[PDB]
Amino acid sequence: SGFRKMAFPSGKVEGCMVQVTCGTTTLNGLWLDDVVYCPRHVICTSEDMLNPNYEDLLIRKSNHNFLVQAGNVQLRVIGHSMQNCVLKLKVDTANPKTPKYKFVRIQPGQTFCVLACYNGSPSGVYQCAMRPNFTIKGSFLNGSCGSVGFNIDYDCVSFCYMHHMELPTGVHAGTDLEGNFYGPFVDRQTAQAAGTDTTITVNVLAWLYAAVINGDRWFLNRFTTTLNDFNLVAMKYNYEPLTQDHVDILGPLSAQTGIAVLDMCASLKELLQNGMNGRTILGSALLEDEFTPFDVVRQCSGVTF
Amino acid sequence: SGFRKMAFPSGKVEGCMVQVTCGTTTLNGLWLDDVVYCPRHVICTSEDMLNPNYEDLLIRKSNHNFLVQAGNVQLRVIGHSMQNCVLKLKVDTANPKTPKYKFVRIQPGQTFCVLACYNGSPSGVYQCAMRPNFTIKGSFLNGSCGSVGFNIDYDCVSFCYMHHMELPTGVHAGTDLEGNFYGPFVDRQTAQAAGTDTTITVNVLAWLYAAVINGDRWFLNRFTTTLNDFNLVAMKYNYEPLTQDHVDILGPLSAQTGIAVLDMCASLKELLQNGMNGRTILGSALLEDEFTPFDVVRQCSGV
Ligand SMILES: *[C@@](O)(CO)[C@H](C[C@@H]1CCNC1=O)NC(=O)[C@@H](CC(C)C)NC(=O)c1cc2c(OC)cccc2[nH]1
Ligand SMILES: *[C@@](O)(CO)[C@H](C[C@@H]1CCNC1=O)NC(=O)[C@H](CC(C)C)NC(=O)c1cc2c(OC)cccc2[nH]1
C-alpha cells in the first residue's frame, strides 16, 4: 500500500541525453539513433534571443558549427534541419542505448516524468502534469532547456515534452518532440503570461477512487448526474470539463470499485458545492489533481516496464 | 525556479536489479560485481515466516535452490552467505553495469531515493525520508521486497535501504545493505508497530526557505525567537529539537533569502500555534518535512 508521486525509471532516457553547444550557448539534446533533438534557440546568442529570426540565423550556420557531446565524447554533426522550435542534427554514430521510443503530444491533465538535465548530464527525476493552461509546475534552473518529459509503456519510451521557457510566475513551458509548443507561448526572451489555470477534474476523481479503494468512501452519495450537467457545474468552480477519453480511462477504477463514473462525479460535485466540512481524503483535506487514473492504477497495481 | 519532490536518476541502479526465487517465494535482488543481495526471508516458506530460525533454514539450503534471473538470463549461484537479514548470493558472472557504490546507513531525517521493483523489473522511483521513528512512508506492494533506496554523489551510488515489511499502519520498514533493520522491527510474519513519530524540524525550516525562494512569504513575520524558546514550542508539538548543527546547515538558505534561522523559527512557531488558516505553502496544506536543506539547496541555488 501507500500513495506517492511516482516517476518512471529514467534509465532508458538517461542513455539518450547529450550536450549541444553552438558558440557559447549550450543546452541538452536527445540522442535517438542517429539524430539529436534539441531546442533551436541554441543557435542564438544572448542578444539575438531578444527578437530572433530563426530561419535567418540557421542559414548562417553549418554542420561544423554544432558541438554534440555524449559525456566528453564528440558526435560529429553530419546534417542539420529545423522542425518548428526543435532543431534536428544527424550524427555519425547511432546511439547504442537507443530504446524503443515514440513521439506523442500528451493532453492537458495527462502526467509525465521529467528528467532534469544540465550540460547533457541527468541530475534529477520527477513527475508532473500538463496543466489545463498548457504549463507545468516543474523545477528548472539555468541550463535545463532540452530536458525531456516522457512516459514508459511496456518497453516503449513515449517522449512528449522538451523544456524551453520559464514564465514569470515560476511555471514552465515547452514543446513536444516535433518542436510544436504547448500553449500559446513562443521561444523568445520575452515575459509571457499563461491563461487562468483550472483543476484537472479527471485526476481529482481518480484520487477519489484511490480513496474508495483504500476503505475511505464517506463522500459517496446516492446521487447521479449527466456528463453535461456536471461539466457545466465544474466550470463554475475552476474545474476542467470532462471528455470522452476522460470517462473511458476512468473505467478500470469504476469497475474495480463498482462505482460508476457519473456516480463519482455527483459525489465530487457535492464536495465542491458544500465543501469538505472538515474531514480529509487520503489524510489530506486538499483535493489532489496531479494523479491520472493510470497513475492510480500503475501505483496501486505495481505495473512494471 | 520551482520546487518538486525530485529523485536521483535510477539508471545506475536499474542495471543491478535481478529476480531471486527460492521454492515458491520470489523477490528482488541487487546484483553488484559477482554478488547478489536480497532479503533472507526468500528462503522461508509460508510456514517458516511465522517464526523463522534463519540459521537453521539457511544451512538446509543448497546453491541450486536459488534461482537468480537477470532479465532473460539465469545466474548460477556458486555461493551463499548471510549478513543479518540480507542474503548474499555469489554468482559466476560479474555485473558489468556495476557502478561505483558504497554501503551507508542513513540517519533519521535524511532522504534517499527508492527504486520500486517487482520481479527484478523497475516499476517507479520516488524520494522518501527516514522518519525519526525509523520507518518510511513509501509505496510498496506485494513482490516489492528487495527494492533498494539510494543516494548518488557524482558517479558513486550510496546504497542505504532494502525493503522488507509494510506495517499495519501502511508505513514501511527495512534494513541497510548490511542487513540491519532501521528501527525495532524484525523480519517475521507478525503485525508490528513503530514508535511515536515526530516531525523533522530542520526539514520543515528548509522547506519554508524553499517557499520563500519561490515567492511565498505570507507566513513570515517580524518576530524572532531564541533557540531554546523555539525548541520548547517545537517539542510541545512533537517536533524534533533544532540543534546548533541544524542551524548551521541552514546557513546557505538563510544567506540567499536574508532571513535568519531564528527568524524563520519565529514563523514556524506561529504556524504551529495558529495553523495555516485556509492557506497553502508551495501548494501544500501541511508543513512538509521530507525535504532536507541539501534537497532544497540543490533546486533553489541561484534562483
Ligand atoms: C533554458 O535553459 C534556455 O536554454 C532556459 C530555461 C529557464 C532558465 C531558468 N529556468 C528555466 O526554466 N530558457 C531561457 O533562458 C529562455 C528561453 C527562450 C530563449 C526560448 N528564456 C526564458 O525562459 C525567459 C525569458 C523571460 C523573460 O524575458 C526576458 C521575462 C520573464 C521570464 C522569462 N523567461
Ligand atoms: C515482501 O514483498 C515479501 O517478499 C513484502 C512487502 C510488503 C508487504 C506488502 N507491501 C510491502 O511493502 N514483505 C512482507 O510481506 C513482510 C515479510 C517478512 C519480512 C518476512 N511482512 C509484512 O509485510 C507483514 C506481515 C504482517 C502481519 O503479520 C502477519 C500483520 C500485519 C501487517 C503485516 N505486514
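Counting starts at 1 for both ligands and their atoms, following the listed order. Reckoned from all heavy atoms, side chains included, excluding hydrogens, waters and symmetry mates. To find a chain, count down the sequence lines: A is the first, B the second, and so on, and within it residues start at 1.
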Subject >> Proximal atoms of ligand 1 relative to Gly143(A) (non-hydrogen, under 4.0 Å) >> reply: 2 (O)
Original post:
Which atoms of ligand 2 are found less than 4.0 Å from any heavy atom of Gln189(B)?
Top reply: 16 (C), 17 (C), 18 (C), 21 (N), 22 (C), 24 (C), 25 (C), 28 (O), 29 (C)
Subject >> Contacting atoms of ligand 1, where contact means under 4.0 angstrom from a heavy atom of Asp187(A) >> reply: 20 (C)
**OP:** Check whether any N or O atom of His41(B), backbone or side chain, sits under 3.5 Å from an N or O atom of ligand 2, and answer yes or no.
**Re:** yes
Original post:
Are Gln192(A) and ligand 1 in contact, using a heavy-atom cut-off of under 4.0 Å?
Top reply: no
Subject >> From the candidates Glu166(A), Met49(A), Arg40(A), the one that places a heavy atom nearest atom 23 (O) of ligand 1 >> reply: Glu166(A)
Original post:
Which of the atoms of ligand 2 are close to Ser144(B), meaning less than 4.0 Å from one of its heavy atoms?
Top reply: 2 (O), 6 (C), 11 (C), 12 (O)
**OP:** Quick one: sort the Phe181(A) and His164(A) rings into parallel, tilted or perpendicular, breaks at 30° and 60°.
**Re:** perpendicular
**OP:** Heavy-atom distances under 4.0 Å are what count here, so tell me which part of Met49(B) touches ligand 2: side chain, backbone, both or neither.
**Re:** side chain
Original post:
With a cut-off of 4.0 Å, which atoms of ligand 2 are near a heavy atom of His172(B)?
Top reply: 12 (O)
Subject >> Heteroatom distance test (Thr26(A), ligand 1): nitrogen or oxygen, under 3.5 angstrom >> reply: no
**OP:** Could you verify whether a donor N or O on one side chain and an acceptor N or O on the other, from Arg188(B) and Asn51(B), lie under 3.5 Å apart?
**Re:** yes
Original post:
Side chain, backbone, both or neither: which part of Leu141(B) comes within less than 4.0 Å of ligand 2 when only heavy atoms are counted?
Top reply: backbone
**OP:** Find all atoms of ligand 2 within a distance of less than 4.0 Å from any non-hydrogen atom belonging to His164(B), and give their numbers and elements.
**Re:** 5 (C), 13 (N), 14 (C), 16 (C), 17 (C), 19 (C)
**OP:** Below 4.0 angstrom from a heavy atom of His163(A), which ligand 1 atoms are there? Numbered from 1 as shown, please.
**Re:** 6 (C), 11 (C), 12 (O)
**OP:** Would you tell me whether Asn133(B) and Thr135(B) have side-chain atoms, one donor and one acceptor, within less than 3.5 Å of each other?
**Re:** yes
